[PDB]
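Asker: In their complex positions, the first chains:
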Amino acid sequence: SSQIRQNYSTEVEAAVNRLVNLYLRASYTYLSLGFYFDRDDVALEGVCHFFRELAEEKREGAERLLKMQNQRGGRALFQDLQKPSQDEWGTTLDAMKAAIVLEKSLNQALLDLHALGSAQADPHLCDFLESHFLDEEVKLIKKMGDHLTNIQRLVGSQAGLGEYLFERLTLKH
Amino acid sequence: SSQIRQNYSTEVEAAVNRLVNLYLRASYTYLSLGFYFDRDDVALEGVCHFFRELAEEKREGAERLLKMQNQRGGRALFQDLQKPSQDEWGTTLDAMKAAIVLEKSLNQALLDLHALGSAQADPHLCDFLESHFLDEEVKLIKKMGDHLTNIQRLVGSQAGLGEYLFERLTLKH
Amino acid sequence: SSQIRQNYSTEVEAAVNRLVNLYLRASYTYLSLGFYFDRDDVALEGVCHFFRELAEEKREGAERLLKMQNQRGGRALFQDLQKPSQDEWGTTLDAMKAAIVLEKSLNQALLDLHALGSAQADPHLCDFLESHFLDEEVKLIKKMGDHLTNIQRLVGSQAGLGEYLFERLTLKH
Amino acid sequence: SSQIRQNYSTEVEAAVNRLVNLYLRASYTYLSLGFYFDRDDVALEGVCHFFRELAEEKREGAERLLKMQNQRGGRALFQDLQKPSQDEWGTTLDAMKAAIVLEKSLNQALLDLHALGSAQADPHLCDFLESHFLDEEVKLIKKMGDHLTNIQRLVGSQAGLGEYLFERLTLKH
Amino acid sequence: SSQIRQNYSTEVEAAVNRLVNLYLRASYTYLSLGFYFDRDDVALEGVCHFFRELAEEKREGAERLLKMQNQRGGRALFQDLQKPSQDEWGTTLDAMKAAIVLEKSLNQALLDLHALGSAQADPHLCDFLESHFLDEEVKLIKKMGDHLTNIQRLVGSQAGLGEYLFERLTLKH
């Protein structure tokens, strides 16, 4: 078997493949979120762009994990990608809540894999995750929390008007 | 009669002239919509510009149909242009509803003429319509539906304030 | 009624709306003239461009009148637009004669409205017309008279050849 | 047989090869027309350039059909190219009449092939023709009709002088 | 239901959602193909880049279909994405064969949807497919057939050496 593989456990290899699946599932969820907000009857362009941008980020995450798998001499294995949890995502507030739940599940999977690398004394894996994933997730989750707070503040006031204003003055269009 | 005319039915020729009339009538409607929103007592500049831009688009549509009529060896015939359906157009919401009704009637006339070209085996006509009209209308109708949704969301909240915000933050001024 | 309206008679307001109708009717006439000269069996491109340019000028005239109506606190009212007086416009000479008749009728309507503003002591109206319409019409009518004379001189000589030469060497293509 | 071929009938394949032959024959006809007008005893440079340009266009047409044949997995088959219908082409008027007859025969062959693709449910073929051939032919035929009308108008007047003027002031040199 | 929806059958709407699923499945297949050729024990960089580029193209295809679904007033519905048909893809020749099979299945789904639009008299759908999908697929399938032929020619000769040469001199790296 692999001429290059060194200090790379089968446990980490398998967990990397599961993490790829989770990032691709997250990408798919954000594809559905983005297009929902592009519906003529929802029509929040800045919200659509925010979630489409995230779909791209998550796919890049997956590709970065697949590159690393190959660099370490593991073998990429792909599984079915489960469809997103909803067909319709409600308001900007419901959507951003669903997004933060999703990100925290990714984050926990990152932290789990880090703990696994630490238990296996795999410092390349730990650095890979620290360098490309853990800080990015923390920053994103904070940004989503900031958004949450602003949406909440706006839609407690007047729901339709608040949602419009958030999309126009916070989100990029 | 025409030295150039080939595979161009009198049925299509007549329907092209009717379509020109419909596009010019639509142009005229958008001229009246634009100037209504320029009244001192309505004063929504972005709304006026949106409908004046559409008046231009519809006239360009007509001119493109007239050019094609001549390219195929048909004879342009002009009829009276009926005045717009209203003298006053209500709110931005009433106006945008009237506009979408209008666009869908144009779209249906396009689809009718396409079906006629298909029944007459006139593939130049079908391509002409597909290339310059059918996609443009679908895109415009979607944009108007997006606008509808945003206006509705805003004016359900607080009517005057919502209309102002839409004009300032969505429409071009 | 109007918060801005000052020294603006209902007589002038109504006459402005009639003048808008006349300018739009003139625009439409020039649209039909232009496309007639684009027929494969007429094919005088410079003549088509001359009349299409005039269609644009007359529409701009109307829009300028509508802008002013709103600036003075009057209310734009649109009426049916009668179709052009002919379906076919004969030779370049017949067409240019029809155009000069048309321009002189516009000019007379301008002069009538000026006399009305003067009788109503409406010096903004009189200046508006002097500044944007009366000189433009005089210049255009002169240009059309110049064209008339040159066409006449050419087609008295040899009709087909003369018409060709005028289009090629006087008109823009 | 072909690893790529999909939804591509032998009927269309054969008709594409016939159409290639017709476009190459048309190219050849325009080569002979161009050089006829370059004779010292005909000497109408703008006429020669107009027909040589068309020889190029028709060859490009053929090459575009051959490219498509290969893209669909058909097999290009070439046949003898019949010589042009005349050795001498008369006046600019006779020539332009012969050219329009030729173009209408190409156009009819295009329309026939389109009807064949439609009967075979071959929408790639129909789009290929619509996109690259049907509009180009309609535009060319119109241009030739415009030219016809202008030549006729000029040579009814005075034949030699008219032909000279057309070549100098309409055609490119 | 939809304020914009016009001439858009539930049959087409559903088939568009299935086509989106097929394009995303194809994207996923090309992701697995690309990373397989990035393995240390396969190591054909140009092959990896070719299939990763295709993964991008197919995702863009899906996004373009989702955009259109929304433009027509249909509702995007996402389903599970089945994993690729293989975990390991053999030689460059085996891979390129699998790719052409895949493309032809996409192409057939496009042709099926086109036939459905034609039966439903939905000319916007037919033009959408013709303009953005049918020609692209035909061109891609031809390119893959060209590649097939060259790989075959090379690996019949000497398998390892041939595969290397193809990757170095035909594929982009």
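Answerer: Looks like it came in fine. Residues are numbered from 1 along each chain as shown, chains lettered A, B, ... in the order given.

Asker: Now name the helix or strand holding the closest residue to chain D within chain A.
Answerer: Going by CB to the nearest CB, chain D is nearest to residue A:35 of chain A, at 26.6 Å. Where you see a C-beta, it was placed from the backbone N, CA and C, and this is true even at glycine. Per DSSP states H and E: residue A:35 is located in helix A:10-37.

Asker: and after that helix, which helix or strand comes next?
Answerer: Sequence-wise, the next helix or strand downstream of helix A:10-37 (DSSP H and E) is helix A:45-72.

Asker: how about the helix or strand following that following helix, does it get close to chain B?
Answerer: Where DSSP H and E defines the elements, the next helix or strand beyond helix A:45-72 is helix A:92-119. No - Helix A:92-119 stays clear of chain B (CB under 8 Å from any CB of the partner chain), getting no nearer than 10.9 Å.

Asker: give me the number of residues near the residue in chain A that chain E sits nearest to?
Answerer: Residue of chain A nearest chain E, by CB to the nearest CB: residue A:81 (4.0 Å). Number of residues near residue A:81 (other CB atoms under 10 Å in any protein chain shown) recorded here: 22.

Asker: so who does it touch?
Answerer: Counting by CB atoms under 8 Å, 6 or more residues apart in numbering or on different chains, residue A:81 touches A:21, A:24-25, A:28, E:28, E:80-81, E:83.

Asker: Separate out the buried members of the residues you listed.
Answerer: By neighbour count, with 16 or more other CB atoms under 10 Å in any protein chain shown, those hold A:21, A:24-25, A:28, E:28, E:81, E:83 as buried.

Asker: Who are the packing partners of the helix holding residue A:35?
Answerer: Counting contacts by 3 or more CB pairs under 8 Å, 6 or more residues apart in numbering or on different chains; DSSP states H and E, helix A:10-37 is packed against helix A:45-72, helix A:92-119, helix E:45-72.

Asker: same thing but 10 Å
Answerer: Judged by 3 or more CB pairs under 10 Å, 6 or more residues apart in numbering or on different chains; DSSP states H and E, helix A:10-37 is in contact with helix A:45-72, helix A:92-119, helix A:123-129, helix E:10-37, helix E:45-72.

Asker: Let's have those helices in TSV, adding distance to residue C:40.
Answerer: Below are those laid out as TSV (distance: least, CB to CB, whole Å):
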stretch	distance to residue C:40
helix A:45-72	46
helix A:92-119	57
helix A:123-129	71
helix E:10-37	40
helix E:45-72	37
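
Asker: Select, out of those helices, the one closest to residue A:150.
Answerer: Evaluated with CB to CB, these place helix A:92-119 nearest to residue A:150, the distance being 9.6 Å.

Asker: quick check, that closest one touching chain E?
Answerer: No - applying CB under 10 Å from any CB of the partner chain, one finds helix A:92-119 separated from chain E by no less than 14.6 Å.

Asker: Give the buried residues for that helix.
Answerer: In helix A:92-119, counting by 16+ other CB under 10 Å, buried: A:92-93, A:95-100, A:102-103, A:106-107, A:109-110, A:113-114, A:116-117.

Asker: ok, now stretch A:9-25?
Answerer: A:9, A:12-13, A:15-17, A:19-25.

Asker: Relative to the whole chain's centre, how far out is the helix holding residue A:35?
Answerer: Put simply, helix A:10-37 sits 7 Å off its chain's centre (CA atoms, centre = their mean, to the nearest Å).

Asker: what angle sits between it and helix A:92-119?
Answerer: Between helix A:10-37 and helix A:92-119, the angle comes out at 170 degrees (axes from the mean of the first three to the mean of the last three CA atoms, to 10 degrees).

Asker: isn't residue A:116 right next to residue A:15, touching?
Answerer: Yes - when contacts are counted by CB atoms under 10 Å, residue A:116 is listed as touching residue A:15 (5.7 Å).

Asker: sorry, back to before: of the helices and strands packed on helix A:10-37, which approaches residue D:75 most closely?
Answerer: Among those, the nearest to residue D:75 by CB to CB is helix E:45-72 (27.3 Å).

Asker: any bit of the closest one sitting next to chain B?
Answerer: Yes - using CB under 10 Å from any CB, we find that helix E:45-72 touches chain B at E:67-68, E:70-72.

Asker: put chain F on too:
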Amino acid sequence: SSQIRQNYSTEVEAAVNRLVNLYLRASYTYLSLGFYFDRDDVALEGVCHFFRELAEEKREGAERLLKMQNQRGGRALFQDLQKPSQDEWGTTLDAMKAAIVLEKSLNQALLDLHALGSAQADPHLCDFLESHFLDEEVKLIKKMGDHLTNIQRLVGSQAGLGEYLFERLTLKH
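Answerer: With chain F now in place:
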């Protein structure tokens, strides 16, 4: 008859027309060679480009002969163009052999026409041929012989691999 014609024999005039036919036939042969190498099942792009370039060169040759015919006061006469000698052209080696045979037949026709001009004391004809044709043919034939030798050397070794390498490293793509 011709006001310009001087020292131009009917024998040369006729032979010039035959030479035009031979150059156009050669052009056509190279059109068929080029597209054969564009087939999905042959797929040698550099070979296709080499022969298409030659199709252009031969047509330019013909046009240069037709220009000269007219400059000397002869009359261009066109005949049927016989189809190429084969429908399928075998390997790059078979094709390049067929091309060199073809070029040598053109060259011999050039040399024959030169001998005819020399016997008729037509030094303009002799210079025309020397200046634009004899050196070009010698250079081309040498280039084809060089290609022959390289193809032979490569395909004696390993036929498929050799053909690929020639196309990639000698021919332009």
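
Asker: Chain F added, so what about what packs on helix A:10-37 now?
Answerer: Counting contacts by 3+ CB pairs under 10 Å, 6+ apart, helix A:10-37 packs against helix A:45-72, helix A:92-119, helix A:123-129, helix E:10-37, helix E:45-72.

Asker: Just want the angle from the first one to helix A:92-119.
Answerer: When you say that, I think you mean helix A:45-72. 10 degrees.

Asker: same thing with the fourth one?
Answerer: In this structure, helix E:10-37 runs at an angle of 20 degrees to helix A:92-119, with the same axes, to 10 degrees as the basis.

Asker: Look up which helix or strand the closest residue to chain F within chain A falls in, please.
Answerer: The minimum distance from chain A to chain F, using CB to the nearest CB, falls at residue A:3 (27.9 Å). Taking DSSP H and E as the definition, one finds residue A:3 inside no helix or strand.

Asker: That one and residue E:40: what is the separation?
Answerer: 7 Å (CB to CB, to the nearest Å).

Asker: same question, residue A:145
Answerer: Distance from residue A:145 to residue E:40, counting by CB to CB: 41 Å.

Asker: count of neighbours near residue A:4?
Answerer: Per other CB under 10 Å, the neighbour tally for residue A:4 reads 12.

Asker: contacting residues for the spatially closest residue to it that is not a sequence neighbour?
Answerer: Spatial nearest neighbour of residue A:4, chain neighbours left out: residue A:73 (4.3 Å); criterion: CB to CB, 6 or more residues apart in numbering or on different chains. Going by CB atoms under 10 Å, 6 or more residues apart in numbering or on different chains, residue A:73 touches A:1-6, A:8, A:13, E:39-41.

Asker: where does the closest residue to residue A:144 other than its chain neighbours sit relative to residue B:129, distance-wise?
Answerer: Of all residues not flanking residue A:144 in the chain, residue A:100 sits nearest, at 4.7 Å (CB to CB, 6+ apart). Using CB to CB, we find residue A:100 at a distance of 47 Å from residue B:129.

Asker: buried set for stretch A:48-65?
Answerer: A:48-52, A:54-55, A:57-59, A:61-63, A:65.

Asker: want to throw the residues you listed into CSV with distance to residue B:158?
Answerer: Listed next are the buried residues of stretch A:48-65 as CSV, based on distance: CB to CB, whole Å:
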residue, distance to residue B:158
A:48, 25
A:49, 27
A:50, 26
A:51, 28
A:52, 31
A:54, 32
A:55, 34
A:57, 37
A:58, 38
A:59, 41
A:61, 42
A:62, 45
A:63, 47
A:65, 48
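
Asker: so the residue of chain A closest to chain F makes contact with residue E:39?
Answerer: No - counting by CB under 10 Å, residue A:3 does not reach residue E:39; the two are 11.1 Å apart.

Asker: Compare neighbour counts for these two and give me the winner.
Answerer: Comparing residue A:3 with residue E:39 by other CB under 10 Å, the one with more neighbours is residue E:39, at 19 against 8.

Asker: wait, what's in contact with the residue nearest to that one when sequence neighbours are not counted?
Answerer: Nearest residue to residue E:39 in three dimensions, chain neighbours excluded: residue A:70, at 5.7 Å (CB to CB, 6+ apart). By CB under 10 Å, 6+ apart, the contact set of residue A:70 is A:4, A:76, E:35-36, E:38-43, E:48.

Asker: Tell me the one of the residues you listed nearest residue C:172?
Answerer: For the contacts of residue A:70, the nearest to residue C:172 is residue E:48 (58.8 Å; CB to CB).

Asker: my read: the closest one touches residue E:38, true?
Answerer: Yes - applying CB under 10 Å, one finds residue E:48 in contact with residue E:38, separated by 4.4 Å.

Asker: of all of chain A, which residue lies closest to chain C?
Answerer: Proximity of chain A to chain C (CB to the nearest CB) peaks at residue A:161, 27.9 Å away.

Asker: what's around that residue, how many residues?
Answerer: A count of nearby residues for residue A:161, using other CB under 10 Å, gives 20.

Asker: hang on, it in a strand?
Answerer: No - using DSSP: H, G, I helix; E, B strand; the rest coil, the assignment for residue A:161 is helix, not a strand.

Asker: who touches it in this structure?
Answerer: For residue A:161, the contacting residues are A:154-155, B:153-158, B:161-162, B:165, by CB under 10 Å, 6+ apart.
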